[PDB]
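Asker: So here's run.cif, just mmCIF, C-alpha atoms and all ligand atoms:
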```cif
data_query
loop_
_atom_site.group_PDB
_atom_site.id
_atom_site.type_symbol
_atom_site.label_atom_id
_atom_site.label_comp_id
_atom_site.auth_asym_id
_atom_site.auth_seq_id
_atom_site.Cartn_x
_atom_site.Cartn_y
_atom_site.Cartn_z
ATOM 1 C CA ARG A 2 -7.652 -43.762 5.561
ATOM 2 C CA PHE A 3 -7.907 -40.484 3.561
ATOM 3 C CA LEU A 4 -10.458 -37.877 4.600
ATOM 4 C CA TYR A 5 -12.390 -35.708 2.134
ATOM 5 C CA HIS A 6 -10.205 -33.939 -0.448
ATOM 6 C CA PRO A 7 -11.391 -32.014 -3.492
ATOM 7 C CA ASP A 8 -10.017 -32.809 -7.004
ATOM 8 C CA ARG A 9 -7.493 -30.384 -8.674
ATOM 9 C CA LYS A 10 -10.188 -29.108 -11.118
ATOM 10 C CA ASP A 11 -12.142 -27.921 -8.066
ATOM 11 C CA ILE A 12 -9.312 -25.913 -6.430
ATOM 12 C CA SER A 13 -9.433 -22.087 -6.767
ATOM 13 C CA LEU A 14 -6.971 -19.354 -5.708
ATOM 14 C CA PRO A 15 -9.742 -17.490 -3.720
ATOM 15 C CA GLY A 16 -10.239 -20.713 -1.611
ATOM 16 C CA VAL A 17 -6.493 -21.238 -1.023
ATOM 17 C CA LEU A 18 -6.095 -17.601 -0.052
ATOM 18 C CA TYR A 19 -9.235 -17.858 2.215
ATOM 19 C CA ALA A 20 -7.704 -20.950 3.961
ATOM 20 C CA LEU A 21 -4.417 -19.001 4.512
ATOM 21 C CA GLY A 22 -6.442 -16.003 5.811
ATOM 22 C CA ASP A 23 -6.351 -17.056 9.480
ATOM 23 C CA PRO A 24 -3.436 -16.812 11.937
ATOM 24 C CA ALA A 25 -3.817 -20.496 12.901
ATOM 25 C CA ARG A 26 -4.463 -21.893 9.419
ATOM 26 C CA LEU A 27 -1.287 -20.140 8.172
ATOM 27 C CA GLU A 28 0.883 -21.563 10.993
ATOM 28 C CA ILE A 29 -0.459 -25.005 10.174
ATOM 29 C CA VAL A 30 0.717 -24.512 6.559
ATOM 30 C CA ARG A 31 4.094 -22.993 7.658
ATOM 31 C CA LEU A 32 4.863 -26.023 9.882
ATOM 32 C CA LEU A 33 3.612 -28.585 7.295
ATOM 33 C CA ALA A 34 6.113 -27.146 4.751
ATOM 34 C CA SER A 35 9.060 -26.959 7.183
ATOM 35 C CA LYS A 36 8.531 -30.108 9.337
ATOM 36 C CA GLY A 37 6.663 -32.366 6.844
ATOM 37 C CA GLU A 38 3.570 -34.396 7.775
ATOM 38 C CA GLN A 39 2.103 -33.656 11.205
ATOM 39 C CA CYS A 40 -0.831 -34.919 13.283
ATOM 40 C CA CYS A 41 -3.542 -32.416 14.369
ATOM 41 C CA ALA A 42 -2.400 -32.757 18.007
ATOM 42 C CA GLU A 43 1.100 -31.357 17.371
ATOM 43 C CA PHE A 44 -0.739 -28.050 16.698
ATOM 44 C CA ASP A 45 -1.065 -26.771 20.305
ATOM 45 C CA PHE A 46 -2.857 -23.502 19.502
ATOM 46 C CA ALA A 47 -4.745 -22.199 22.590
ATOM 47 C CA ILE A 48 -8.074 -22.437 20.725
ATOM 48 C CA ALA A 49 -11.194 -24.588 21.225
ATOM 49 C CA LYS A 50 -11.303 -27.944 19.380
ATOM 50 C CA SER A 51 -14.502 -26.816 17.555
ATOM 51 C CA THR A 52 -12.626 -23.921 15.890
ATOM 52 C CA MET A 53 -9.564 -26.159 15.177
ATOM 53 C CA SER A 54 -11.720 -28.801 13.460
ATOM 54 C CA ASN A 55 -13.352 -26.124 11.253
ATOM 55 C CA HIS A 56 -9.869 -24.739 10.415
ATOM 56 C CA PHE A 57 -8.771 -28.171 9.120
ATOM 57 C CA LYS A 58 -12.104 -28.614 7.290
ATOM 58 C CA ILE A 59 -11.453 -25.273 5.561
ATOM 59 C CA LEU A 60 -7.862 -26.375 4.800
ATOM 60 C CA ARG A 61 -9.096 -29.605 3.217
ATOM 61 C CA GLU A 62 -12.068 -28.182 1.251
ATOM 62 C CA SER A 63 -9.760 -25.444 -0.150
ATOM 63 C CA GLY A 64 -7.257 -27.873 -1.726
ATOM 64 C CA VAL A 65 -4.391 -27.003 0.634
ATOM 65 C CA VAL A 66 -4.225 -29.949 3.058
ATOM 66 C CA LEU A 67 -4.669 -33.692 2.642
ATOM 67 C CA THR A 68 -5.652 -35.371 5.920
ATOM 68 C CA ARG A 69 -5.343 -39.164 6.514
ATOM 69 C CA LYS A 70 -6.528 -41.418 9.384
ATOM 70 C CA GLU A 71 -3.892 -44.085 10.089
ATOM 71 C CA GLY A 72 -4.712 -45.140 13.650
ATOM 72 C CA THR A 73 -6.465 -42.712 16.012
ATOM 73 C CA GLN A 74 -4.268 -39.939 14.575
ATOM 74 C CA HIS A 75 -5.322 -37.393 11.921
ATOM 75 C CA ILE A 76 -2.263 -36.943 9.630
ATOM 76 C CA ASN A 77 -2.127 -33.760 7.533
ATOM 77 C CA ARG A 78 0.039 -33.085 4.453
ATOM 78 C CA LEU A 79 0.596 -29.974 2.348
ATOM 79 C CA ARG A 80 -0.621 -30.805 -1.210
ATOM 80 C CA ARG A 81 2.283 -28.798 -2.642
ATOM 81 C CA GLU A 82 2.509 -30.818 -5.899
ATOM 82 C CA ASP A 83 -1.102 -29.825 -6.775
ATOM 83 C CA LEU A 84 -0.821 -26.196 -5.572
ATOM 84 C CA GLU A 85 2.403 -25.640 -7.604
ATOM 85 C CA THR A 86 0.696 -27.309 -10.624
ATOM 86 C CA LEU A 87 -2.156 -24.720 -10.624
ATOM 87 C CA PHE A 88 -0.338 -21.796 -8.983
ATOM 88 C CA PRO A 89 3.445 -22.133 -9.610
ATOM 89 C CA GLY A 90 5.420 -20.124 -7.008
ATOM 90 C CA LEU A 91 2.577 -18.911 -4.763
ATOM 91 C CA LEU A 92 3.273 -20.997 -1.640
ATOM 92 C CA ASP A 93 6.837 -19.704 -1.566
ATOM 93 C CA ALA A 94 5.788 -16.041 -1.639
ATOM 94 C CA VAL A 95 3.306 -16.542 1.179
ATOM 95 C CA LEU A 96 5.901 -18.477 3.264
ATOM 96 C CA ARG A 97 8.619 -15.789 2.752
ATOM 97 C CA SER A 98 6.740 -13.187 4.842
ATOM 98 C CA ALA A 99 4.974 -15.721 7.089
ATOM 99 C CA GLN A 100 6.261 -14.885 10.562
ATOM 100 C CA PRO A 101 6.363 -17.868 12.955
ATOM 101 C CA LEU A 102 3.690 -17.809 15.650
ATOM 102 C CA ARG B 2 -12.284 12.505 2.590
ATOM 103 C CA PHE B 3 -10.187 9.390 3.459
ATOM 104 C CA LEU B 4 -11.870 6.335 4.924
ATOM 105 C CA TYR B 5 -10.211 4.125 7.576
ATOM 106 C CA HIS B 6 -6.932 2.486 6.595
ATOM 107 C CA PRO B 7 -4.642 0.628 9.064
ATOM 108 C CA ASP B 8 -1.030 1.811 9.560
ATOM 109 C CA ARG B 9 1.634 -0.345 7.916
ATOM 110 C CA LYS B 10 2.565 -1.503 11.449
ATOM 111 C CA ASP B 11 -0.884 -3.118 11.907
ATOM 112 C CA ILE B 12 -1.216 -4.889 8.520
ATOM 113 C CA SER B 13 -0.938 -8.699 8.925
ATOM 114 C CA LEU B 14 -0.349 -11.327 6.164
ATOM 115 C CA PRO B 15 -3.454 -13.401 7.288
ATOM 116 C CA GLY B 16 -5.764 -10.321 7.038
ATOM 117 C CA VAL B 17 -4.442 -9.527 3.520
ATOM 118 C CA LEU B 18 -4.982 -13.140 2.377
ATOM 119 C CA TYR B 19 -8.609 -13.141 3.698
ATOM 120 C CA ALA B 20 -9.275 -9.994 1.648
ATOM 121 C CA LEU B 21 -7.848 -11.681 -1.521
ATOM 122 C CA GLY B 22 -9.787 -14.880 -0.632
ATOM 123 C CA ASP B 23 -12.913 -13.716 -2.456
ATOM 124 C CA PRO B 24 -13.279 -13.908 -6.336
ATOM 125 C CA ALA B 25 -14.831 -10.388 -6.336
ATOM 126 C CA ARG B 26 -12.288 -8.810 -3.927
ATOM 127 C CA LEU B 27 -9.438 -10.375 -5.966
ATOM 128 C CA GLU B 28 -10.998 -9.002 -9.135
ATOM 129 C CA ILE B 29 -11.023 -5.491 -7.597
ATOM 130 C CA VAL B 30 -7.292 -5.739 -6.686
ATOM 131 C CA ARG B 31 -6.287 -7.102 -10.117
ATOM 132 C CA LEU B 32 -8.075 -4.185 -11.809
ATOM 133 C CA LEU B 33 -6.560 -1.613 -9.394
ATOM 134 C CA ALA B 34 -3.128 -3.046 -10.288
ATOM 135 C CA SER B 35 -3.584 -3.041 -14.077
ATOM 136 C CA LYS B 36 -5.749 0.069 -14.766
ATOM 137 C CA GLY B 37 -4.830 2.130 -11.727
ATOM 138 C CA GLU B 38 -7.144 4.070 -9.410
ATOM 139 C CA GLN B 39 -10.733 2.980 -9.938
ATOM 140 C CA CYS B 40 -14.098 4.045 -8.459
ATOM 141 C CA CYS B 41 -16.407 1.652 -6.515
ATOM 142 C CA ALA B 42 -19.037 1.963 -9.292
ATOM 143 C CA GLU B 43 -16.662 0.419 -11.878
ATOM 144 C CA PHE B 44 -17.130 -2.860 -9.909
ATOM 145 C CA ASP B 45 -20.660 -4.373 -10.120
ATOM 146 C CA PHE B 46 -19.692 -7.940 -9.117
ATOM 147 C CA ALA B 47 -22.743 -8.405 -6.851
ATOM 148 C CA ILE B 48 -26.574 -8.173 -6.787
ATOM 149 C CA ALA B 49 -26.425 -6.306 -3.456
ATOM 150 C CA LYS B 50 -24.592 -3.024 -2.727
ATOM 151 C CA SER B 51 -24.389 -4.174 0.934
ATOM 152 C CA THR B 52 -22.282 -7.131 -0.314
ATOM 153 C CA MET B 53 -20.054 -4.691 -2.282
ATOM 154 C CA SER B 54 -19.859 -2.135 0.608
ATOM 155 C CA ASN B 55 -18.601 -5.000 2.813
ATOM 156 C CA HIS B 56 -16.048 -6.048 0.132
ATOM 157 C CA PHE B 57 -14.329 -2.655 0.103
ATOM 158 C CA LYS B 58 -14.604 -2.479 3.886
ATOM 159 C CA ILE B 59 -12.641 -5.763 4.141
ATOM 160 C CA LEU B 60 -10.141 -4.535 1.541
ATOM 161 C CA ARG B 61 -9.741 -1.228 3.451
ATOM 162 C CA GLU B 62 -9.460 -2.595 7.011
ATOM 163 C CA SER B 63 -7.055 -5.368 5.924
ATOM 164 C CA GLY B 64 -4.460 -2.945 4.483
ATOM 165 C CA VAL B 65 -4.798 -3.648 0.744
ATOM 166 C CA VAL B 66 -6.929 -0.775 -0.581
ATOM 167 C CA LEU B 67 -7.008 2.939 0.350
ATOM 168 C CA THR B 68 -10.339 4.670 -0.369
ATOM 169 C CA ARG B 69 -10.789 8.433 -0.739
ATOM 170 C CA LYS B 70 -14.025 10.374 -1.379
ATOM 171 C CA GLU B 71 -14.027 12.775 -4.360
ATOM 172 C CA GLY B 72 -17.589 14.212 -4.560
ATOM 173 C CA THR B 73 -20.260 11.620 -5.414
ATOM 174 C CA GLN B 74 -17.383 9.163 -6.006
ATOM 175 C CA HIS B 75 -15.283 6.905 -3.776
ATOM 176 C CA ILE B 76 -11.912 6.274 -5.503
ATOM 177 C CA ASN B 77 -9.912 3.175 -4.422
ATOM 178 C CA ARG B 78 -6.073 2.904 -4.488
ATOM 179 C CA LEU B 79 -3.977 -0.236 -4.112
ATOM 180 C CA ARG B 80 -1.495 0.199 -1.251
ATOM 181 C CA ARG B 81 1.429 -1.205 -3.335
ATOM 182 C CA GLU B 82 4.398 0.168 -1.275
ATOM 183 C CA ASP B 83 2.880 -1.138 1.999
ATOM 184 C CA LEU B 84 2.127 -4.630 0.683
ATOM 185 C CA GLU B 85 5.521 -4.789 -1.081
ATOM 186 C CA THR B 86 7.564 -3.425 1.904
ATOM 187 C CA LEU B 87 5.883 -5.901 4.316
ATOM 188 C CA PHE B 88 5.161 -8.832 1.951
ATOM 189 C CA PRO B 89 7.865 -8.694 -0.838
ATOM 190 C CA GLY B 90 6.771 -10.523 -3.972
ATOM 191 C CA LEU B 91 3.358 -11.555 -2.650
ATOM 192 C CA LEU B 92 1.029 -9.382 -4.768
ATOM 193 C CA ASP B 93 2.866 -10.130 -7.969
ATOM 194 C CA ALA B 94 2.663 -13.834 -7.069
ATOM 195 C CA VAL B 95 -1.083 -13.565 -6.429
ATOM 196 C CA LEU B 96 -1.766 -11.455 -9.572
ATOM 197 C CA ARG B 97 0.138 -13.831 -11.906
ATOM 198 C CA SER B 98 -1.909 -16.817 -10.706
ATOM 199 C CA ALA B 99 -5.315 -15.005 -10.795
ATOM 200 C CA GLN B 100 -7.834 -15.860 -13.540
ATOM 201 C CA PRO B 101 -9.528 -12.699 -14.989
ATOM 202 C CA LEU B 102 -13.252 -12.474 -14.059
ATOM 203 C CA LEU B 103 -14.098 -8.779 -14.909
HETATM 204 CL CL CL C 201 -10.886 -22.445 25.942
HETATM 205 CL CL CL C 202 -4.345 -36.274 15.920
HETATM 206 CL CL CL C 203 -12.283 19.718 3.073
HETATM 207 CL CL CL C 204 -18.300 5.857 -6.926
#
```
Here is the file; what I need is its structure written in the form of structure tokens.

Answerer:
Amino acid sequence: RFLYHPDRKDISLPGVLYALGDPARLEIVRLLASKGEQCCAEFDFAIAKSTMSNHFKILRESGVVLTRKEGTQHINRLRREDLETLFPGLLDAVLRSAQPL
Amino acid sequence: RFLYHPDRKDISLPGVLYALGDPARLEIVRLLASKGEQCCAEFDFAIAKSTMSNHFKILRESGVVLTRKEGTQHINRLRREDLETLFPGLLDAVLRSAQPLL
């Protein structure tokens, strides 16, 4: 079922901003807010699977993405309820100027 | 006289977020936004000056901070117009959610 996720007390703005500080990690967050839950395979970035796995590990450890294992799929979800509880209005400002890749 | 700064055409939102993705780098920006132009010496948020020299380097090359040499002093300026013309409402959104560390 659910993969590792930090608690809300352990989420910082420097970690969220670090996880959004990559072209791929930001497109993952842009698509997870516009298209809802998505499996890791829908992200067809032309990058190695070692870099993609680390990207999702950063997304999870930062408090931004909640990943779940249902079958053989890795389902990711934007933890927007928790990010708007700590930082109200931040995700919207980042997604305003986020240009689609 | 004026250290490297990227043109507004080459500043990306991911690069700006990576430069605010450090508690020390975010503290520098929050001080440059509240108290104005500050010198690198007014920020001792590290045991190593190499760690601090790399912080301003990331802030400079990412398009957030402009640094200028005035004698024995490097003065740092927040590029507010550039970050607000490209990313409207982002810096104020980041600054209002930042916890003061000073
Ligand atoms: Cl390859
Ligand atoms: Cl998958
Ligand atoms: Cl001169
Ligand atoms: Cl100085």

Asker: Give me the residues within 7 Å of segment 35-47 of chain B as a VMD selection string, counting all atoms listed in the file and dropping any in the same chain fewer than 5 places off.

Answerer: chain B and resid 25 52 to 53 74 to 78

Asker: Next, dump the selected residues to file, keeping only C-alpha atoms, as a tab-separated table (two decimals), keeping the file's coordinate frame.

Answerer:
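Saved result, out_7.tsv, follows:
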```
chain	number	residue	atom	x	y	z
B	25	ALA	CA	-14.83	-10.39	-6.34
B	52	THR	CA	-22.28	-7.13	-0.31
B	53	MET	CA	-20.05	-4.69	-2.28
B	74	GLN	CA	-17.38	9.16	-6.01
B	75	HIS	CA	-15.28	6.90	-3.78
B	76	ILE	CA	-11.91	6.27	-5.50
B	77	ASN	CA	-9.91	3.18	-4.42
B	78	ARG	CA	-6.07	2.90	-4.49
```

Asker: If the PyMOL selection byres ((chain B) within 8 of (chain A)) is run on the structure shown, which residues does it catch, given as JSON, numbers by chain?

Answerer: {"B": [14, 15, 16, 17, 18, 19, 20, 21, 22, 23, 24, 27, 87, 88, 89, 90, 91, 94, 95, 98, 99]}

Asker: Take the selection from the previous step and output its residues with C-alpha atoms, as a PDB file, in the coordinates of the input.

Answerer:
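Saved as result.pdb:
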```pdb
ATOM      1  CA  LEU B  14      -0.349 -11.327   6.164  1.00  0.00           C
ATOM      2  CA  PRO B  15      -3.454 -13.401   7.288  1.00  0.00           C
ATOM      3  CA  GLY B  16      -5.764 -10.321   7.038  1.00  0.00           C
ATOM      4  CA  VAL B  17      -4.442  -9.527   3.520  1.00  0.00           C
ATOM      5  CA  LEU B  18      -4.982 -13.140   2.377  1.00  0.00           C
ATOM      6  CA  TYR B  19      -8.609 -13.141   3.698  1.00  0.00           C
ATOM      7  CA  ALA B  20      -9.275  -9.994   1.648  1.00  0.00           C
ATOM      8  CA  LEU B  21      -7.848 -11.681  -1.521  1.00  0.00           C
ATOM      9  CA  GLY B  22      -9.787 -14.880  -0.632  1.00  0.00           C
ATOM     10  CA  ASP B  23     -12.913 -13.716  -2.456  1.00  0.00           C
ATOM     11  CA  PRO B  24     -13.279 -13.908  -6.336  1.00  0.00           C
ATOM     12  CA  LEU B  27      -9.438 -10.375  -5.966  1.00  0.00           C
ATOM     13  CA  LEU B  87       5.883  -5.901   4.316  1.00  0.00           C
ATOM     14  CA  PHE B  88       5.161  -8.832   1.951  1.00  0.00           C
ATOM     15  CA  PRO B  89       7.865  -8.694  -0.838  1.00  0.00           C
ATOM     16  CA  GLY B  90       6.771 -10.523  -3.972  1.00  0.00           C
ATOM     17  CA  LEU B  91       3.358 -11.555  -2.650  1.00  0.00           C
ATOM     18  CA  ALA B  94       2.663 -13.834  -7.069  1.00  0.00           C
ATOM     19  CA  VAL B  95      -1.083 -13.565  -6.429  1.00  0.00           C
ATOM     20  CA  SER B  98      -1.909 -16.817 -10.706  1.00  0.00           C
ATOM     21  CA  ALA B  99      -5.315 -15.005 -10.795  1.00  0.00           C
TER      22      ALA B  99
END
```

Asker: Place a sphere of radius 9 Å on (2.6, 1.1, 6.4) in the file coordinates and name every protein, DNA or RNA residue with an atom inside or on its surface, counting only C-alpha atoms; give the answer as a list in words.

Answerer: residues 7, 8, 9, 10, 11, 12, 64, 80, 82, 83, 84, 86 and 87 of chain B

Asker: Would you translate the PyMOL selection byres (((chain A and resi 57) around 9) and not hetatm) into the concrete set of residues it matches in this file, as a VMD selection string?

Answerer: chain A and resid 20 26 29 41 52 to 56 58 to 62 66 68 77

Asker: Quick one: which residues end up in the PyMOL selection byres (((not hetatm)) within 10 of (chain C and resi 201)) for this structure, as a count of residues only?

Answerer: 4

Asker: Would you list the contacts of residue 69 of chain A as a PyMOL selection string, taking every protein, DNA or RNA residue within 6 Å and counting only C-alpha atoms, but skipping same-chain residues closer than 4 positions in sequence?

Answerer: chain A and resi 2-4+75-76

Asker: With all atoms listed in the file as the atoms that count, which of B:93, B:50, B:61, B:34 lies nearest to ligand CL 204 (chain C)?

Answerer: B:50

Asker: Smallest atom-to-atom distance to ligand CL 202 (chain C): which of A:33, A:74, A:39, A:51, using all atoms listed in the file?

Answerer: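 Nearest to ligand CL 202 (chain C): A:74.
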
Asker: Please indicate the distance in Å from atom CA of residue 36 of chain A to atom CA of residue 8 of chain A, rounded to one decimal place.

Answerer: 24.9 Å

Asker: Do you have the atom CA of residue 49 of chain B-atom CA of residue 29 of chain B distance handy?

Answerer: 16.0 Å

Asker: What separation in Å, quoted to one decimal, exists between atom CA of residue 102 of chain A and atom CA of residue 35 of chain A?

Answerer: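 These two atoms are separated by 13.6 Å.
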